[PDB]
Amino acid sequence: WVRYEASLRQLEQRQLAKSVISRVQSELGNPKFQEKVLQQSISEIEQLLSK
Amino acid sequence: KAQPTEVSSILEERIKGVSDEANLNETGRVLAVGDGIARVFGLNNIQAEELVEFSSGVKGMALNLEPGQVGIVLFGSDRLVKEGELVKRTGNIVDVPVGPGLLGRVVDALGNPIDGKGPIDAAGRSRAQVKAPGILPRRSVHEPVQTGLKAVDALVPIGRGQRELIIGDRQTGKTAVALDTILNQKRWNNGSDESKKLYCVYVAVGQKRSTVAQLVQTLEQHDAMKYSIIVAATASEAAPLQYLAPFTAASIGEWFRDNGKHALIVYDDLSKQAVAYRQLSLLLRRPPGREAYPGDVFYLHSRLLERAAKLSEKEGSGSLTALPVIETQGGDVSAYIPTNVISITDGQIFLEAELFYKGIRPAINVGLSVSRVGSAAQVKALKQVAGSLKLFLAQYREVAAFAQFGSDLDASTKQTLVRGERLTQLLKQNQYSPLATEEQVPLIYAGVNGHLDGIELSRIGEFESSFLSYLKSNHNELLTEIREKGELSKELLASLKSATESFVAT
Amino acid sequence: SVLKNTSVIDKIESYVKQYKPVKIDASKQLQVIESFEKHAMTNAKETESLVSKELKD
Ligand SMILES: Nc1ncnc2c1ncn2[C@@H]1O[C@H](COP(=O)(O)OP(=O)(O)OP(=O)(O)O)[C@@H](O)[C@H]1O
Ligand SMILES: [Mg+2]
Numbered sequence: 157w158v159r160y161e162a163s164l165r166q167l168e169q170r171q172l173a174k175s176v177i178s179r180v181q182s183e184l185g186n187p188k189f190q191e192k193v194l195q196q197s198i199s200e201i202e203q204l205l206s207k
Numbered sequence: 004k005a006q007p008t009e010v011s012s013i014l015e016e017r018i019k020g021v022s023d024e025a026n027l028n029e030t031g032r033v034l035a036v037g038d039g040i041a042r043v044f045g046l047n048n049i050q051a052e053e054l055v056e057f058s059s060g061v062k063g064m065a066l067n068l069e070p071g072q073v074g075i076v077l078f079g080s081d082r083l084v085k086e087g088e089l090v091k092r093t094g095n096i097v098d099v100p101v102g103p104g105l106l107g108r109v110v111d112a113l114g115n116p117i118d119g120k121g122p123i124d125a126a127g128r129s130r131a132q133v134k135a136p137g138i139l140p141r142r143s144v145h146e147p148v149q150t151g152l153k154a155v156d157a158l159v160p161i162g163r164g165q166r167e168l169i170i171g172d173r174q175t176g177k178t179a180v181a182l183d184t185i186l187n188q189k190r191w192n193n194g195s196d197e198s199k200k201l202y203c204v205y206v207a208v209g210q211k212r213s214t215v216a217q218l219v220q221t222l223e224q225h226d227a228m229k230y231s232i233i234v235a236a237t238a239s240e241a242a243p244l245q246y247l248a249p250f251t252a253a254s255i256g257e258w259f260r261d262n263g264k265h266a267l268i269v270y271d272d273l274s275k276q277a278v279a280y281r282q283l284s285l286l287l288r289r290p291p292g293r294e295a296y297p298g299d300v301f302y303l304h305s306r307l308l309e310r311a312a313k314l315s316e317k318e319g320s321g322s323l324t325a326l327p328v329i330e331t332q333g334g335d336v337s338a339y340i341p342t343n344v345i346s347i348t349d350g351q352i353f354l355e356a357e358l359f360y361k362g363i364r365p366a367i368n369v370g371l372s373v374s375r376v377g378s379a380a381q382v383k384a385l386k387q388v389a390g391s392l393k394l395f396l397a398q399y400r401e402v403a404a405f406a407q408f409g410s411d412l413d414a415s416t417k418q419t420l421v422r423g424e425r426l427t428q429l430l431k432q433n434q435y436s437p438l439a440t441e442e443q444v445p446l447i448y449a450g451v452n453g454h455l456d457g458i459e460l461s462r463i464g465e466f467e468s469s470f471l472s473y474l475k476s477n478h479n480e481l482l483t484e485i486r487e488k489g490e491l492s493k494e495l496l497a498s499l500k501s502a503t504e505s506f507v508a509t
Numbered sequence: 060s061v062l063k064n065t066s067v068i069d070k071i072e073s074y075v076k077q078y079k080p081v082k083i084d085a086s087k088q089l090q091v092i093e094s095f096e097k098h099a100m101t102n103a104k105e106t107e108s109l110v111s112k113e114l115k116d
């Protein structure tokens, strides 16, 4: 009853792996790619302004 | 399991924090990638041997620092790397985590938990290339390492901080002696006296994953994994990882050595270390040496092995015992790497297939198998108190020295013949059955006062087992007295002789 | 506690406890075991009486 729980741990991560496939497929179909460049712009400003 | 979800969330937030705090400009650009090699334009101020990250996510070590472009080996496959990729600099030399949470876990060359039992609790982080202790900060080897093998205990002593080589041929029993020692250390690894604890650390460079799976199943069956650490470099991993793994394991053991404890390293099949280094050097266009090996393989092996030592009382009197393994092709010990390793170690344990097929299961060639330490690093009970355990080496040399060329001349020759053949049949042992000094002493002591009267050769094995029974029953006082005090006193010699002759009459 | 999906251990722990008195010892031999001995007293003293008499005789 322990390694079944351990296998339950391992299998649960495995459907989370294909969950990321569902997650990542959700990542590629957004206008955020347009919005994400502004995220770099504000971030890179915060980066070198620190120096 | 929602807990790993927020764990991953905070992982990703610190991932962002770390990634967007670099603003690097010396981050180089990949010019070309070879078979696990990548020359990169950039990294003007890169240190030697320094770790790097590729934009894909593969690690790399800075071997060649020629002007302009830098030679980077790959800890992994060249699968995901292309030209014109930004190469991140770690800022530190290649490092491996060290600590006491390593026990019971299996990791890779870098030190990542590969067994799949969660993260690793590391008390520190040490270099893969650390300097060996100096001439003064060390002490001579005096405490003996109890192998559990009678032929490896009473004939070729090993101790804390020595370097004993298991030289031999393929599938002769090279790993058997190491695993037997690991199992034998369980007797004192379950106690409280830390001066007698021997944690085991083992390298697996080149062995297939199935073999290491069987091995770890073995240590957990006999309940030895709790004090053992396994680092694995299968042939599937890239050559840099295999080349690096033994150094990381050396640092792992040096943690215990410098912390005052005692540890044992098994450098299993150090030859494939050499072939991985060959692949590295050849792929870097470094001029080769003899028979296509890189020149500095002797330095490679010396720096690795000499890190094992017995420290002196000032620093903590820690120890680290090296147990390297070298396989030879057709018994050719004149081969280059075999010669280097026989010249680098503090003795050797020769195993050959011919004695293995002769019945001798340990297959220890006592003619060549020698230890640079004798009386030192040996339990006294297996020493001058037993008398002949100072000089069985001469006896086994002479018995081989009169087999047919020194044909039996008189009754003395016949007596020596019978004695020697009875002893050689006595030294036989089986794998997965470690033994202890307190019952080594009676068996070989019987080898001086009544051994030719053994009940024919095919039945001397149950003779030794029944002798052990007759001494563990009704005679436990002898076994105890010789096991705590570690030597045989005059009255103790008299009692042992009396018991031996009593069972001889039996 | 290593099992977060226990669901049977308390039943198993109780199953150990309900059978905690597994089975008593069997000291049944109290009439035949000494019957071997009663022959042992008979023949040994028959032998000892004879040998003691004969050694002096
Ligand atoms: N004492 C022993 N009793 C019985 N069999 C033994 C004994 N020692 C070794 N063997 C057997 O000899 C074979 C090789 O032993 P071992 O596993 O130590 O390999 P090795 O010499 O290290 O070789 P390799 O380099 O191929 O791993 C195995 O089949 C093993 O079972
Ligand atoms: Mg082996």
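Protein chains in written order, with the entry's author numbering: chain Z, 157 to 207; chain B, 4 to 509; chain 7, 60 to 116. C-beta atoms are modelled at their ideal positions from N, C-alpha and C, and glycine is treated no differently.
For the alpha helix (DSSP H) that residue i lies in, which residues bound it at each end?
i	result
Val75 (chain 7)	68 to 77
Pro7 (chain B)	6 to 22
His98 (chain 7)	92 to 115
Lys91 (chain B)	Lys91 (chain B) -> not in any alpha helix (DSSP H); beta strand (DSSP E) instead, spanning 89 to 96.
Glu200 (chain Z)	188 to 206
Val300 (chain B)	300 to 308
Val402 (chain B)	395 to 403
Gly464 (chain B)	464 to 475
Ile255 (chain B)	242 to 261
Under DSSP, the beta strand (DSSP E) around residue i begins and ends at which residues?
i	result
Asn343 (chain B)	Note, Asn343 (chain B): premise wrong, no beta strand (DSSP E); alpha helix (DSSP H) at 339 to 347.
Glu53 (chain B)	53 to 57
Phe78 (chain B)	72 to 78
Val269 (chain B)	265 to 269
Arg130 (chain B)	127 to 130
What does the Cβ neighbour count give for residue i, buried or exposed, with the cut at 16 atoms within 10 Å?
i	result
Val328 (chain B)	buried
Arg92 (chain B)	buried
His454 (chain B)	buried
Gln181 (chain Z)	exposed
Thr509 (chain B)	exposed
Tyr160 (chain Z)	exposed
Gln217 (chain B)	exposed
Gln166 (chain Z)	exposed
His98 (chain 7)	exposed
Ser143 (chain B)	exposed
Put residue i into one of helix, strand or coil per three-state DSSP.
i	result
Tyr202 (chain B)	strand
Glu183 (chain Z)	helix
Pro103 (chain B)	helix
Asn192 (chain B)	helix
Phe408 (chain B)	coil
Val451 (chain B)	coil
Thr175 (chain B)	coil
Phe353 (chain B)	coil
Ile329 (chain B)	strand
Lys62 (chain B)	strand
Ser284 (chain B)	helix
residue 2 (chain B)	This structure does not reach residue 2 (chain B), given that chain B is present from 4 up to 509, and the question cannot be answered.
residue 510 (chain B)	Given a span of 4 to 509 for chain B in the structure shown, any question on residue 510 (chain B) remains unanswerable.
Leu482 (chain B)	helix
Closest to residue i by CA distance: which of the options is it?
i	options	result
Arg260 (chain B)	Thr237 (chain B), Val148 (chain B), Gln407 (chain B), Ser322 (chain B)	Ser322 (chain B)
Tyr435 (chain B)	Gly121 (chain B), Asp226 (chain B), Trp258 (chain B), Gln398 (chain B)	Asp226 (chain B)
residue 1 (chain B)	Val99 (chain B), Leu396 (chain B), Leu438 (chain B)	The structure shown has nothing for residue 1 (chain B), since chain B only spans 4 to 509.
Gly104 (chain B)	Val97 (chain B), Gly114 (chain B), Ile96 (chain B)	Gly114 (chain B)
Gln6 (chain B)	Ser163 (chain Z), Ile198 (chain Z), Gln169 (chain Z), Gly185 (chain Z)	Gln169 (chain Z)
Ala154 (chain B)	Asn479 (chain B), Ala295 (chain B), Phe506 (chain B), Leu426 (chain B)	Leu426 (chain B)
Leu68 (chain B)	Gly377 (chain B), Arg288 (chain B), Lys386 (chain B), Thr416 (chain B)	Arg288 (chain B)
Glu240 (chain B)	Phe78 (chain B), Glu53 (chain B), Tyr473 (chain B)	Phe78 (chain B)
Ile96 (chain B)	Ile49 (chain B), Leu83 (chain B), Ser59 (chain B)	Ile49 (chain B)
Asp118 (chain B)	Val133 (chain B), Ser476 (chain B), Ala235 (chain B), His478 (chain B)	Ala235 (chain B)
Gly176 (chain B)	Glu52 (chain B), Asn368 (chain B), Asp196 (chain B), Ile268 (chain B)	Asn368 (chain B)
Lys207 (chain Z)	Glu24 (chain B), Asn47 (chain B), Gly60 (chain B)	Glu24 (chain B)
Sufficient close CB pairs (3 or more, under 8 angstroms) joining the segment 207 to 221 of chain B to the segment 283 to 293 of chain B: no
Note to self: Can you confirm whether the segment 392 to 407 of chain B touches the segment 144 to 163 of chain B when touching is taken to mean that 3 or more C-beta pairs between the two stretches lie within less than 8 angstroms?
What the structure shows: yes
**Prompt:** Does the segment 252 to 270 of chain B come close enough to the segment 309 to 322 of chain B that 3 or more CB-CB pairs lie under 8 angstroms?
**Reply:** yes
Per the contact definition of three or more C-beta pairs closer than 8 angstroms, is the segment 342 to 352 of chain B in contact with the segment 302 to 316 of chain B? yes
- the segment 67 to 77 of chain 7 / the segment 469 to 486 of chain B touching (three or more Cβ pairs under 8 angstroms): no
Would you check if the segment 401 to 417 of chain B and the segment 431 to 447 of chain B touch, i.e. whether three or more CB-CB distances between them fall below 8 angstroms? no
Review point. Taking one C-beta from the segment 464 to 473 of chain B and one from the segment 445 to 454 of chain B each time, how about it: are there three or more such pairs within less than 8 angstroms?
Key: yes
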